[PDB]
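Below is work.pdb, which holds PDB, C-alpha atoms (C1' of nucleotides).
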```pdb
ATOM      1  CA  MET A   1       0.000   0.000   0.000
ATOM      2  CA  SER A   2       1.117   3.613   0.470
ATOM      3  CA  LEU A   3       3.124   2.585   3.544
ATOM      4  CA  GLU A   4       4.001  -0.725   5.169
ATOM      5  CA  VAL A   5       4.257  -0.610   8.948
ATOM      6  CA  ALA A   6       7.465  -2.586   9.398
ATOM      7  CA  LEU A   7       7.244  -3.398  13.084
ATOM      8  CA  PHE A   8      10.228  -1.960  14.938
ATOM      9  CA  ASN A   9      11.316  -1.056  11.396
ATOM     10  CA  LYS A  10      12.346  -4.592  10.469
ATOM     11  CA  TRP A  11       9.586  -7.181  10.183
ATOM     12  CA  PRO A  12       6.489  -6.540   8.049
ATOM     13  CA  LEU A  13       2.831  -7.450   8.430
ATOM     14  CA  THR A  14       2.112  -8.247   4.779
ATOM     15  CA  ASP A  15       2.186 -12.008   4.133
ATOM     16  CA  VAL A  16       0.733 -12.806   7.551
ATOM     17  CA  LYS A  17      -2.487 -14.542   8.522
ATOM     18  CA  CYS A  18      -4.000 -17.127  10.845
ATOM     19  CA  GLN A  19      -4.861 -20.717  10.017
ATOM     20  CA  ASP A  20      -7.654 -21.370  12.507
ATOM     21  CA  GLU A  21     -11.048 -19.995  11.506
ATOM     22  CA  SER A  22     -12.755 -19.704  14.886
ATOM     23  CA  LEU A  23     -10.480 -16.858  15.973
ATOM     24  CA  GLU A  24      -9.338 -15.561  12.587
ATOM     25  CA  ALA A  25     -11.357 -12.353  12.901
ATOM     26  CA  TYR A  26     -10.677 -11.837  16.625
ATOM     27  CA  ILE A  27      -7.017 -11.106  15.839
ATOM     28  CA  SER A  28      -5.911  -7.806  14.313
ATOM     29  CA  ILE A  29      -2.708  -8.142  12.293
ATOM     30  CA  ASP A  30      -2.992  -5.236   9.865
ATOM     31  CA  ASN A  31      -3.539  -2.171  12.058
ATOM     32  CA  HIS A  32      -0.180  -2.433  13.813
ATOM     33  CA  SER A  33       1.706   0.814  14.188
ATOM     34  CA  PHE A  34       5.478   0.940  13.884
ATOM     35  CA  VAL A  35       5.502   0.905  17.690
ATOM     36  CA  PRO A  36       3.061  -1.027  19.897
ATOM     37  CA  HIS A  37       2.147   2.003  21.989
ATOM     38  CA  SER A  38      -1.281   3.415  21.183
ATOM     39  CA  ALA A  39      -3.208   5.614  23.569
ATOM     40  CA  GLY A  40      -6.361   4.013  22.259
ATOM     41  CA  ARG A  41      -9.122   3.886  24.856
ATOM     42  CA  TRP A  42      -9.642   0.188  24.329
ATOM     43  CA  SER A  43     -11.757  -1.776  26.806
ATOM     44  CA  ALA A  44     -14.475   0.868  26.460
ATOM     45  CA  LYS A  45     -17.124  -1.190  24.659
ATOM     46  CA  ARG A  46     -17.673  -4.924  24.912
ATOM     47  CA  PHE A  47     -15.974  -6.123  21.712
ATOM     48  CA  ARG A  48     -13.596  -3.293  20.798
ATOM     49  CA  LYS A  49     -10.534  -5.094  22.179
ATOM     50  CA  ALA A  50     -10.966  -7.559  19.317
ATOM     51  CA  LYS A  51      -9.471  -4.822  17.141
ATOM     52  CA  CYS A  52      -6.498  -4.082  19.364
ATOM     53  CA  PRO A  53      -3.205  -5.052  17.720
ATOM     54  CA  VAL A  54      -2.243  -8.417  19.123
ATOM     55  CA  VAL A  55       1.241  -7.301  20.127
ATOM     56  CA  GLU A  56      -0.076  -4.427  22.219
ATOM     57  CA  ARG A  57      -2.373  -6.921  23.917
ATOM     58  CA  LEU A  58       0.697  -9.030  24.621
ATOM     59  CA  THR A  59       2.803  -6.204  26.041
ATOM     60  CA  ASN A  60      -0.044  -4.967  28.198
ATOM     61  CA  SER A  61       0.174  -8.234  30.167
ATOM     62  CA  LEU A  62       3.950  -8.358  30.621
ATOM     63  CA  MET A  63       3.630  -5.676  33.310
ATOM     64  CA  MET A  64       0.969  -7.510  35.289
ATOM     65  CA  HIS A  65       3.132  -7.865  38.379
ATOM     66  CA  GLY A  66       2.558  -5.265  41.062
ATOM     67  CA  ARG A  67       6.168  -4.094  41.115
ATOM     68  CA  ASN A  68       6.261  -3.629  37.325
ATOM     69  CA  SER A  69       2.993  -1.729  36.951
ATOM     70  CA  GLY A  70       2.895   1.111  34.452
ATOM     71  CA  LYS A  71       6.012   0.157  32.484
ATOM     72  CA  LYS A  72       5.411  -0.200  28.751
ATOM     73  CA  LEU A  73       8.756   0.945  27.348
ATOM     74  CA  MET A  74      10.646  -1.937  28.932
ATOM     75  CA  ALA A  75       7.939  -4.221  27.580
ATOM     76  CA  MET A  76       8.412  -3.000  24.017
ATOM     77  CA  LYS A  77      12.168  -3.440  24.344
ATOM     78  CA  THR A  78      11.701  -6.963  25.690
ATOM     79  CA  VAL A  79       9.390  -7.840  22.817
ATOM     80  CA  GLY A  80      11.868  -6.556  20.249
ATOM     81  CA  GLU A  81      14.641  -8.642  21.762
ATOM     82  CA  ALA A  82      12.423 -11.708  21.664
ATOM     83  CA  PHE A  83      11.537 -11.114  18.029
ATOM     84  CA  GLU A  84      15.178 -10.941  17.024
ATOM     85  CA  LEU A  85      15.830 -14.167  18.910
ATOM     86  CA  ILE A  86      12.930 -15.876  17.164
ATOM     87  CA  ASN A  87      14.197 -14.721  13.785
ATOM     88  CA  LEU A  88      17.649 -16.026  14.612
ATOM     89  CA  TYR A  89      16.514 -19.494  15.652
ATOM     90  CA  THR A  90      13.794 -19.998  13.050
ATOM     91  CA  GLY A  91      14.684 -17.747  10.124
ATOM     92  CA  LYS A  92      11.033 -16.774   9.575
ATOM     93  CA  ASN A  93       8.780 -13.939  10.644
ATOM     94  CA  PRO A  94       8.145 -13.909  14.412
ATOM     95  CA  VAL A  95       4.625 -12.538  13.968
ATOM     96  CA  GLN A  96       3.589 -15.754  12.237
ATOM     97  CA  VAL A  97       4.977 -17.683  15.193
ATOM     98  CA  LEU A  98       3.164 -15.501  17.705
ATOM     99  CA  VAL A  99      -0.210 -15.887  15.997
ATOM    100  CA  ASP A 100       0.255 -19.628  15.588
ATOM    101  CA  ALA A 101       1.113 -19.926  19.284
ATOM    102  CA  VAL A 102      -1.854 -17.870  20.433
ATOM    103  CA  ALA A 103      -4.000 -20.149  18.288
ATOM    104  CA  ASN A 104      -2.436 -23.381  19.575
ATOM    105  CA  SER A 105      -3.014 -22.402  23.189
ATOM    106  CA  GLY A 106      -6.367 -21.531  24.666
ATOM    107  CA  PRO A 107      -8.704 -24.240  25.927
ATOM    108  CA  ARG A 108     -11.542 -25.525  23.784
ATOM    109  CA  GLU A 109     -13.628 -26.658  26.759
ATOM    110  CA  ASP A 110     -13.914 -25.827  30.432
ATOM    111  CA  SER A 111     -15.985 -26.671  33.491
ATOM    112  CA  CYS A 112     -18.536 -24.388  35.126
ATOM    113  CA  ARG A 113     -21.363 -24.373  37.655
ATOM    114  CA  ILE A 114     -24.614 -24.682  35.740
ATOM    115  CA  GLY A 115     -28.072 -24.608  37.252
ATOM    116  CA  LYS A 116     -27.938 -25.606  40.893
ATOM    117  CA  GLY A 117     -25.268 -28.294  40.518
ATOM    118  CA  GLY A 118     -25.329 -29.180  44.204
ATOM    119  CA  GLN A 119     -22.430 -31.249  45.562
ATOM    120  CA  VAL A 120     -19.791 -30.145  43.048
ATOM    121  CA  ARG A 121     -21.870 -31.000  39.964
ATOM    122  CA  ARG A 122     -19.915 -29.296  37.181
ATOM    123  CA  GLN A 123     -20.975 -29.729  33.563
ATOM    124  CA  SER A 124     -18.813 -29.186  30.496
ATOM    125  CA  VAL A 125     -19.129 -26.262  28.097
ATOM    126  CA  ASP A 126     -17.358 -24.920  25.036
ATOM    127  CA  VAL A 127     -15.572 -21.570  24.842
ATOM    128  CA  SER A 128     -15.713 -18.397  22.760
ATOM    129  CA  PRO A 129     -12.816 -17.115  20.627
ATOM    130  CA  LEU A 130     -12.260 -14.002  22.720
ATOM    131  CA  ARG A 131     -11.690 -15.961  25.910
ATOM    132  CA  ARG A 132      -9.459 -18.346  23.986
ATOM    133  CA  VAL A 133      -7.140 -15.567  22.822
ATOM    134  CA  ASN A 134      -7.160 -13.906  26.242
ATOM    135  CA  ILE A 135      -6.232 -17.127  28.022
ATOM    136  CA  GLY A 136      -3.560 -17.940  25.458
ATOM    137  CA  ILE A 137      -1.882 -14.582  25.935
ATOM    138  CA  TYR A 138      -2.166 -14.735  29.713
ATOM    139  CA  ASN A 139      -0.690 -18.221  29.779
ATOM    140  CA  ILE A 140       2.282 -17.364  27.582
ATOM    141  CA  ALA A 141       3.138 -14.320  29.662
ATOM    142  CA  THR A 142       2.661 -16.086  32.985
ATOM    143  CA  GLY A 143       4.744 -19.047  31.876
ATOM    144  CA  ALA A 144       7.645 -16.827  30.927
ATOM    145  CA  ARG A 145       7.119 -14.920  34.178
ATOM    146  CA  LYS A 146       7.345 -18.041  36.321
ATOM    147  CA  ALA A 147      10.580 -19.264  34.739
ATOM    148  CA  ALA A 148      12.625 -16.099  35.241
ATOM    149  CA  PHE A 149      12.059 -15.471  38.957
ATOM    150  CA  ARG A 150      15.191 -16.004  41.042
ATOM    151  CA  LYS A 151      16.871 -17.477  37.960
ATOM    152  CA  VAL A 152      19.976 -16.227  36.199
ATOM    153  CA  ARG A 153      18.592 -15.834  32.709
ATOM    154  CA  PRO A 154      16.465 -12.864  31.639
ATOM    155  CA  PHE A 155      12.784 -12.548  30.913
ATOM    156  CA  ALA A 156      13.209 -12.207  27.139
ATOM    157  CA  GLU A 157      14.853 -15.590  26.595
ATOM    158  CA  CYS A 158      12.169 -17.362  28.607
ATOM    159  CA  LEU A 159       9.509 -15.491  26.650
ATOM    160  CA  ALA A 160      10.916 -16.482  23.277
ATOM    161  CA  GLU A 161      11.454 -20.104  24.256
ATOM    162  CA  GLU A 162       7.902 -20.348  25.565
ATOM    163  CA  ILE A 163       6.503 -18.790  22.409
ATOM    164  CA  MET A 164       8.374 -21.042  20.002
ATOM    165  CA  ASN A 165       7.554 -24.157  22.002
ATOM    166  CA  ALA A 166       3.858 -23.292  22.068
ATOM    167  CA  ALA A 167       3.909 -22.653  18.328
ATOM    168  CA  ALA A 168       5.340 -26.163  18.085
ATOM    169  CA  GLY A 169       2.639 -27.551  20.371
ATOM    170  CA  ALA A 170       5.209 -29.320  22.541
ATOM    171  CA  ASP A 171       3.897 -30.357  25.939
ATOM    172  CA  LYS A 172       7.149 -29.066  27.430
ATOM    173  CA  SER A 173       5.720 -25.551  27.436
ATOM    174  CA  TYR A 174       3.654 -24.300  30.349
ATOM    175  CA  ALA A 175       0.665 -23.073  28.342
ATOM    176  CA  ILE A 176       0.169 -26.360  26.511
ATOM    177  CA  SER A 177       0.324 -28.304  29.754
ATOM    178  CA  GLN A 178      -2.277 -26.032  31.314
ATOM    179  CA  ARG A 179      -4.565 -26.350  28.307
ATOM    180  CA  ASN A 180      -4.305 -30.137  28.304
ATOM    181  CA  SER A 181      -4.975 -30.347  32.034
ATOM    182  CA  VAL A 182      -8.081 -28.181  31.756
ATOM    183  CA  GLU A 183      -9.437 -29.966  28.688
ATOM    184  CA  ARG A 184      -8.993 -33.374  30.309
ATOM    185  CA  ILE A 185     -10.470 -32.473  33.692
ATOM    186  CA  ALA A 186     -13.443 -30.981  31.864
ATOM    187  CA  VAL A 187     -13.858 -34.154  29.815
ATOM    188  CA  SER A 188     -14.097 -36.087  33.069
ATOM    189  CA  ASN A 189     -17.056 -33.889  34.042
ATOM    190  CA  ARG A 190     -18.782 -34.096  30.644
TER     191      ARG A 190
ATOM    192  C1'   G B   1       5.502 -86.775  59.829
ATOM    193  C1'   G B   2       2.076 -86.445  54.719
ATOM    194  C1'   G B   3      -0.705 -83.259  51.606
ATOM    195  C1'   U B   4      -3.104 -78.370  50.173
ATOM    196  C1'   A B   5      -2.816 -72.885  49.951
ATOM    197  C1'   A B   6      -0.786 -68.117  51.044
ATOM    198  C1'   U B   7       3.588 -64.170  53.516
ATOM    199  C1'   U B   8       3.737 -58.175  48.723
ATOM    200  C1'   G B   9       4.207 -49.716  50.671
ATOM    201  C1'   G B  10       1.673 -48.088  56.941
ATOM    202  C1'   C B  11      -3.285 -51.236  55.690
ATOM    203  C1'   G B  12      -5.723 -55.784  53.607
ATOM    204  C1'   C B  13      -6.332 -57.728  48.096
ATOM    205  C1'   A B  14      -5.883 -58.209  41.751
ATOM    206  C1'   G B  15      -1.210 -58.646  39.123
ATOM    207  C1'   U B  16       3.174 -63.535  37.231
ATOM    208  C1'   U B  17      10.301 -64.280  31.951
ATOM    209  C1'   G B  18       9.025 -56.655  29.418
ATOM    210  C1'   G B  19       3.956 -51.717  34.835
ATOM    211  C1'   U B  20       6.347 -52.066  41.132
ATOM    212  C1'   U B  21       1.348 -52.766  40.510
ATOM    213  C1'   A B  22      -4.840 -51.405  42.049
ATOM    214  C1'   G B  23      -7.473 -49.189  46.243
ATOM    215  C1'   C B  24      -7.252 -47.567  51.417
ATOM    216  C1'   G B  25      -3.596 -44.435  53.915
ATOM    217  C1'   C B  26       0.640 -39.223  54.567
ATOM    218  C1'   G B  27       0.553 -33.672  53.359
ATOM    219  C1'   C B  28       0.734 -29.960  50.724
ATOM    220  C1'   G B  29      -3.461 -27.121  46.650
ATOM    221  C1'   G B  30      -8.144 -25.947  44.045
ATOM    222  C1'   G B  31     -13.449 -26.611  44.026
ATOM    223  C1'   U B  32     -18.848 -19.848  48.148
ATOM    224  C1'   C B  33     -16.119 -23.253  55.790
ATOM    225  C1'   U B  34     -14.893 -27.058  52.364
ATOM    226  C1'   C B  35     -15.878 -32.770  53.471
ATOM    227  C1'   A B  36     -18.725 -37.046  50.038
ATOM    228  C1'   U B  37     -16.078 -35.314  44.702
ATOM    229  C1'   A B  38     -11.875 -34.272  41.554
ATOM    230  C1'   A B  39      -5.774 -33.048  40.670
ATOM    231  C1'   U B  40      -1.021 -34.021  42.006
ATOM    232  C1'   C B  41       2.185 -36.324  45.075
ATOM    233  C1'   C B  42       4.509 -40.030  48.790
ATOM    234  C1'   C B  43       5.352 -45.389  51.323
ATOM    235  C1'   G B  44       8.861 -51.810  49.371
ATOM    236  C1'   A B  45      15.516 -57.549  51.243
ATOM    237  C1'   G B  46       7.289 -58.962  47.487
ATOM    238  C1'   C B  47       9.517 -64.813  53.980
ATOM    239  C1'   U B  48      14.943 -67.239  52.176
ATOM    240  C1'   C B  49      19.131 -69.759  49.324
ATOM    241  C1'   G B  50      20.538 -72.025  44.836
ATOM    242  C1'   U B  51      18.044 -72.588  39.534
ATOM    243  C1'   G B  52      18.066 -71.751  34.093
ATOM    244  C1'   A B  53      16.600 -68.286  31.116
ATOM    245  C1'   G B  54      17.721 -61.023  27.717
ATOM    246  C1'   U B  55      14.510 -60.429  31.854
ATOM    247  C1'   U B  56      11.189 -63.297  37.433
ATOM    248  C1'   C B  57       6.624 -60.960  43.413
ATOM    249  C1'   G B  58       6.536 -63.940  39.057
ATOM    250  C1'   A B  59       9.893 -70.130  36.988
ATOM    251  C1'   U B  60      12.320 -75.142  39.781
ATOM    252  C1'   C B  61      14.801 -76.344  44.296
ATOM    253  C1'   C B  62      16.582 -74.863  49.979
ATOM    254  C1'   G B  63      14.793 -73.756  54.884
ATOM    255  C1'   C B  64      11.080 -71.197  58.362
ATOM    256  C1'   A B  65       6.060 -68.869  60.930
ATOM    257  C1'   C B  66       0.457 -69.097  60.104
ATOM    258  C1'   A B  67      -4.413 -72.119  58.442
ATOM    259  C1'   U B  68      -7.484 -77.016  57.302
ATOM    260  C1'   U B  69      -7.487 -82.489  56.928
ATOM    261  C1'   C B  70      -4.999 -87.023  58.055
ATOM    262  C1'   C B  71      -1.098 -90.869  60.358
ATOM    263  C1'   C B  72       1.405 -92.592  65.023
ATOM    264  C1'   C B  73       5.425 -99.760  68.706
ATOM    265  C1'   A B  74      12.163 -97.046  71.107
TER     266        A B  74
END
```

Would you encode the structure as structure tokens?
Amino acid sequence: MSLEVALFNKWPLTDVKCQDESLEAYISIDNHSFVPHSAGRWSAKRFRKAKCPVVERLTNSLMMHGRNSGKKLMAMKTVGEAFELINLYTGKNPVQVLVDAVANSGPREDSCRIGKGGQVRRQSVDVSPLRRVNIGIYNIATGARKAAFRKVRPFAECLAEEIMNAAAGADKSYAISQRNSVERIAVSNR
RNA sequence: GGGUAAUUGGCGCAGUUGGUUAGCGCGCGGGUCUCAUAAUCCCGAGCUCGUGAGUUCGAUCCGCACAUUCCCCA
């Protein structure tokens, strides 16, 4: 088009998409600015966050911890480092990897408390795309967060390793293990 | 003495040349106190020698405690 928004002025958003159909439209990949810092008043309506650039969604959860509240610049720097690492291991575009990972996480079934359900009677139910993406993001970030506490290595390396593993679907990753646990326990209750 | 069967995690039982096994039981967690529920996790000369076999709780033999029946001229 007139301009391509090379993220961090390196990686583009052109030949990028999502395979899964359920959440294809709940993932914005084209309205990314050069820098994932938009003062957009997202979270104002009920479905407007479905248009937020996925990367900004990701960075907005890396500062979940109470100590690190209100720190977006460090988050953008971290994300850039992780993207270079992904490019160096894989050779491909990290955005593709990130979208594939967010798709490969996220439970497809969960247990709730329907009707009266006395005596821990929990039926099974399916899940909406929005919750799937939210949980995927939250799980990736929390998994990288848990690995780098009181450990030598930084947060960025743990982040990138988690992301690539999840894109691979390997059970070794934290998010995949959580998803499998939840899906199974819910199957028991179905 | 003669025959039959068994000794297994702290607790009784299924398991027999390729799982240390199944529950009960220990405590830490969740599930509107949170127990019936569900997750994870822990506990072993498998009575004892030889015995061949890739490999025995596991398959022969050696000895011992428990349980039923039966025999008896120092």

What do you get, as a PDB file with C-alpha atoms (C1' of nucleotides), in the frame of the given file, if you spell out every residue that the PyMOL selection byres ((chain B) within 10 of (chain A)) selects here?
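Now in part-v4.pdb:
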```pdb
ATOM      1  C1'   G B  31     -13.449 -26.611  44.026  1.00  0.00           C
ATOM      2  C1'   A B  36     -18.725 -37.046  50.038  1.00  0.00           C
ATOM      3  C1'   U B  37     -16.078 -35.314  44.702  1.00  0.00           C
ATOM      4  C1'   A B  38     -11.875 -34.272  41.554  1.00  0.00           C
ATOM      5  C1'   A B  39      -5.774 -33.048  40.670  1.00  0.00           C
TER       6        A B  39
END
```

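Within 12 Å of the point (8.8, -6.7, 2.6), counting all atoms listed in the file, the protein and nucleic acid residues come to residues 1, 3, 4, 5, 6, 7, 9, 10, 11, 12, 13, 14, 15, 16 and 93 of chain A.
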
Within 7 Å of file point (19.7, -72.9, 42.6), counting all atoms listed in the file, expressed as a PyMOL selection string
chain B and resi 50-51+61

When distances are computed from all atoms listed in the file, which of A:53, A:168, A:187, A:133 shows the smallest separation from residue A:102?
A:133

Which neighbours of residue B:24 fall inside 12 Å, counting only C-alpha atoms (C1' of nucleotides), when residues of the same chain fewer than 3 positions from it are skipped, and could you give them as a PDB file with C-alpha atoms (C1' of nucleotides), in the frame of the given file?
```
ATOM      1  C1'   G B   9       4.207 -49.716  50.671  1.00  0.00           C
ATOM      2  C1'   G B  10       1.673 -48.088  56.941  1.00  0.00           C
ATOM      3  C1'   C B  11      -3.285 -51.236  55.690  1.00  0.00           C
ATOM      4  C1'   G B  12      -5.723 -55.784  53.607  1.00  0.00           C
ATOM      5  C1'   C B  13      -6.332 -57.728  48.096  1.00  0.00           C
TER       6        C B  13
END
```

Which residues are near residue A:77? Cut-off 12 Å, only C-alpha atoms (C1' of nucleotides), ignore same chain within fewer than 2 positions. Put them as a PDB file with C-alpha atoms, in the frame of the given file.
```pdb
ATOM      1  CA  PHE A   8      10.228  -1.960  14.938  1.00  0.00           C
ATOM      2  CA  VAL A  35       5.502   0.905  17.690  1.00  0.00           C
ATOM      3  CA  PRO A  36       3.061  -1.027  19.897  1.00  0.00           C
ATOM      4  CA  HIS A  37       2.147   2.003  21.989  1.00  0.00           C
ATOM      5  CA  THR A  59       2.803  -6.204  26.041  1.00  0.00           C
ATOM      6  CA  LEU A  62       3.950  -8.358  30.621  1.00  0.00           C
ATOM      7  CA  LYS A  71       6.012   0.157  32.484  1.00  0.00           C
ATOM      8  CA  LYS A  72       5.411  -0.200  28.751  1.00  0.00           C
ATOM      9  CA  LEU A  73       8.756   0.945  27.348  1.00  0.00           C
ATOM     10  CA  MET A  74      10.646  -1.937  28.932  1.00  0.00           C
ATOM     11  CA  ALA A  75       7.939  -4.221  27.580  1.00  0.00           C
ATOM     12  CA  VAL A  79       9.390  -7.840  22.817  1.00  0.00           C
ATOM     13  CA  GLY A  80      11.868  -6.556  20.249  1.00  0.00           C
ATOM     14  CA  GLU A  81      14.641  -8.642  21.762  1.00  0.00           C
ATOM     15  CA  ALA A  82      12.423 -11.708  21.664  1.00  0.00           C
ATOM     16  CA  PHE A  83      11.537 -11.114  18.029  1.00  0.00           C
ATOM     17  CA  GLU A  84      15.178 -10.941  17.024  1.00  0.00           C
ATOM     18  CA  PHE A 155      12.784 -12.548  30.913  1.00  0.00           C
ATOM     19  CA  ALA A 156      13.209 -12.207  27.139  1.00  0.00           C
TER      20      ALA A 156
END
```

Using all atoms listed in the file, which protein or nucleic acid residues come within 12 Å of residue B:18? Drop anything in the same chain fewer than 2 positions from it, and give the result as a PDB file with C-alpha atoms (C1' of nucleotides), in the coordinates of the input.
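Once everything was written out, this is part21.pdb:
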```
ATOM      1  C1'   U B  16       3.174 -63.535  37.231  1.00  0.00           C
ATOM      2  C1'   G B  54      17.721 -61.023  27.717  1.00  0.00           C
ATOM      3  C1'   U B  55      14.510 -60.429  31.854  1.00  0.00           C
ATOM      4  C1'   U B  56      11.189 -63.297  37.433  1.00  0.00           C
TER       5        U B  56
END
```

Show which residues sit within 8 Å of residue A:107, as number ranges by chain. Count only C-alpha atoms (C1' of nucleotides), and ignore same-chain residues fewer than 4 positions away.
A: 127, 132, 135, 179-180, 182-183

Deliver the residues from the most recent selection as a file, using C-alpha atoms, as a PDB file, keeping the file's coordinate frame.
```pdb
ATOM      1  CA  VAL A 127     -15.572 -21.570  24.842  1.00  0.00           C
ATOM      2  CA  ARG A 132      -9.459 -18.346  23.986  1.00  0.00           C
ATOM      3  CA  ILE A 135      -6.232 -17.127  28.022  1.00  0.00           C
ATOM      4  CA  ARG A 179      -4.565 -26.350  28.307  1.00  0.00           C
ATOM      5  CA  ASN A 180      -4.305 -30.137  28.304  1.00  0.00           C
ATOM      6  CA  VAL A 182      -8.081 -28.181  31.756  1.00  0.00           C
ATOM      7  CA  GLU A 183      -9.437 -29.966  28.688  1.00  0.00           C
TER       8      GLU A 183
END
```

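Put simply, atom CA of residue A:114 is 12.9 Å away from atom CA of residue A:126.
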
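Interatomic distance, atom CA of residue A:140 against atom CA of residue A:175: 6.0 Å.
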
How big is the axis-aligned box around the listed atoms of stretch 89-102 of chain A once 8 Å is added on each side, and where is its centre? Give both in Å to one decimal, as JSON.
```
{"center_x": 7.3, "center_y": -16.3, "center_z": 15.0, "size_x": 34.4, "size_y": 23.5, "size_z": 26.9}
```

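Nearest residue to residue B:8 among B:47, B:41, B:71, B:66 is B:47, counting all atoms listed in the file.
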
Mind giving me the straight-line distance from atom CA of residue A:61 to atom CA of residue A:138 in Å, one decimal?
6.9 Å
